[PDB]
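1. Need coordinates for the following:
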Amino acid sequence: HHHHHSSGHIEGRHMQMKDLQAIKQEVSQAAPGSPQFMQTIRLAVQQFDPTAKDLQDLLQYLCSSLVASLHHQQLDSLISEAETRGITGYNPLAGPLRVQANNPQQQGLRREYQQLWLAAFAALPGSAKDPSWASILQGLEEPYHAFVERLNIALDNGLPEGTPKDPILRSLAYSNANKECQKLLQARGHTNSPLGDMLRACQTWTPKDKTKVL
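-> Residues are numbered from 1 along each chain as shown. Sure, structure below:
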């Protein structure tokens, strides 16, 4: 033994395994097709910032196989734009790329790669949020009125100013209305009308039955 402890101790800095393990966790919590997983990625990239190498594994670590490919294709394109522009201070004479991104000298490209990657990572057909109203329709036995109200909310919940809601709403209220509903609106003959009329058409949503009073 002769005294404890001994020379030798490599630490390094480039996102270790345990680092990926932790991510896998915080990610495992994320939801399928929600701004939770991807977000966690930016956290890791903003934490230590995994080089190209790390990204490589991270790709075949969290993401799926196929996805890895699709993504691999994304970058190939992204880079195409970079290399094309000659990139800040890239070395096209060298040949490799990830090498430069893993080079403890290039901070301009290294960073660009971090975002570039996340780009493809967020360019996946299921690496972000989604419209919940995209699956919201008036139930055959639901409070159309209340539904319309919510539809508006649930909408604003995922309705970018860049996109219209006034109509989208009238579309989710009608275009996305049960049968008896769609039949009501039509039978009412007020499709191409305001919502106010829609609530006045469902206000009853029932064939008034009566024969003389008293």
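2. hey, where'd the strands end up in the chain?
-> Using DSSP state E, no strands are found in the chain.
3. In it, which residue is most central in space?
-> By CA atoms, centre = their mean, the chain has its centre lying nearest to residue 128, at 0.7 Å.
4. How many residues are close by residue 175?
-> Other residues lying near residue 175 total 13 when counted by other CB atoms under 10 Å. No exception for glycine: its C-beta is placed from N, CA and C like everyone else's.
5. Repeat that for residue 154.
-> The tally of other residues near residue 154 (other CB under 10 Å) stands at 19.
6. And stretch 93-109, end to end?
-> Distance across stretch 93-109, first residue to last, is 15 Å (CA to CA, to the nearest Å).
7. Give the buried residues for that stretch.
-> By 16 or more other CB atoms under 10 Å, the buried positions in stretch 93-109 come out as 97, 100, 101, 102, 103, 106, 109.
8. Would you state the helices of the chain in chain order?
-> Per DSSP state H, the chain carries helices over the ranges 17-29, 37-47, 52-59, 65-85, 98-101, 108-121, 144-156, 166-170, 179-188, 195-202.
9. hmm, who's touching the fifth one?
-> Around helix 98-101, the neighbours that count as contacts under CB atoms under 8 Å, 6 or more residues apart in numbering are 51, 52, 53, 56, 90, 91, 94, 106, 109, 110, 113.
10. want to throw those into TSV with distance to residue 28?
-> Compiled in TSV, the contacts of helix 98-101 are given as follows (distance: CB to CB, whole Å):
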residue	distance to residue 28
51	24
52	25
53	23
56	21
90	36
91	38
94	38
106	33
109	32
110	28
113	26
